[PDB]
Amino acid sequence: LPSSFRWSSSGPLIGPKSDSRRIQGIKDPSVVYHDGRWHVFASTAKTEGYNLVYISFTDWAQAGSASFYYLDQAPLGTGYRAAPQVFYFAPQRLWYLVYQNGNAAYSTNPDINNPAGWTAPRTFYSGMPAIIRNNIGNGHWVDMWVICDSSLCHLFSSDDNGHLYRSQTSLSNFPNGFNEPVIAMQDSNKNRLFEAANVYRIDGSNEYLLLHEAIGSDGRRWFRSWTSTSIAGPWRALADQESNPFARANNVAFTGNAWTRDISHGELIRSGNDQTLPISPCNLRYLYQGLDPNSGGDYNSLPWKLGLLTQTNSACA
């Protein structure tokens, strides 16, 4: 894995359907390739609220025409749900879908191909942990992310106030037993460490990759990156500056026209679908949300669409 990045971006691939839901943004994607298809979970966003959608397609050229399965039709149900993470928890032979509902929440499903099967929400904690209540400011508890190694499971989350939190539990007790979070990383400037963590095992190394969204000096979204030998840190900067970013307008080429100046809440294409959240260090691809740089108005109404970054300074195949 290199210490600087360059990318080529697609155009917008996935946006809202034109249906009575009048969804304004498709956001916060999670993605796995399984049995010959892409499986994308995303937030639906509008002024009125958030819920989740499942999208599947064989080929990236067909992503835009893929049908939506609105997950409020499953037991997962209506109400607020946002920012999903899908993975297969191999010891239980169950897929998990992690998201926020005001708490840190999850659904399960034995079959990712059955969107109707996602369970009604359960939570990882009984309420907002004290350390998060104490430090959240007037932020929001968001962007729940699980990664496990051979003995522990970790649950990361953000507060939109410059703190990244981490709880852990044993692999055998998951999803129960998550302890009081510690502050895994923090910045006194919330914009430098804002939301939307990703944490991955880097295949072929004894290292982990942390990505985290920031709001830059130009007001635009971008990603910083760090690595560590442990999921518990300490984290060392990889590409974490505006002049050496993980992903930002200044290291993203477009084959077509530049349709976004923001590189926001995304996920890397993984090398496997299990609870270890592995990536290959080769040919990185980042499924992300962007929007027209002339967009304004209320945050929840912004016209976010999903695109795909393909690494152009790849170290390998």
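Residue numbers run from 1 along the displayed sequence.
Practice task
Look up the CA B-factors in the entry and say which stretch, 141-149 or 168-176, has the higher mean.
Solution key: According to the PDB entry, the answer is 168-176.
Exercise for the section: Could you settle it for me: does 282-290 or 64-72 have the higher average Cα B factor in the PDB entry? Expected result: Higher mean C-alpha B-factor: 64-72.
Exercise for the section: Could you tell me which one of 158, 107, 126, 85 shows the highest CA temperature factor in the PDB record? Expected result: That would be 126.
Exercise for the section: Please pick out which of 100, 119, 227, 217 has the largest Cα B-factor as recorded in the entry. Expected result: That would be 217.
Practice task
Check where residue 46 lands among this chain's C-alpha B-factors and tell me if it's the lowest, middle or highest third.
Solution key: Its C-alpha B-factor, which the entry lists for residue 46, ranks in the highest third among residues of this chain.
Exercise for the section: Consider only the C-alpha atoms of the modelled residues in this chain, order them by B-factor as the entry records it, and name the third containing residue 237: lowest, middle or highest. Expected result: Middle third of the chain for residue 237's C-alpha B-factor.
Exercise for the section: Just say lowest, middle or highest third for the CA B-factor of residue 198 relative to the other modelled residues in its chain. Expected result: Its C-alpha B-factor belongs to the lowest third of this chain's values.
Exercise for the section: Taking the values exactly as deposited, rank residue 267 by C-alpha B-factor within its chain and report the matching third: lowest, middle or highest. Expected result: Its C-alpha B-factor, which the entry lists for residue 267, ranks in the lowest third among residues of this chain.
Handout entry: Where the record places residue 162 (Cα B-factor, split into thirds across the chain)
Key = Tercile = lowest for this residue's CA B-factor.
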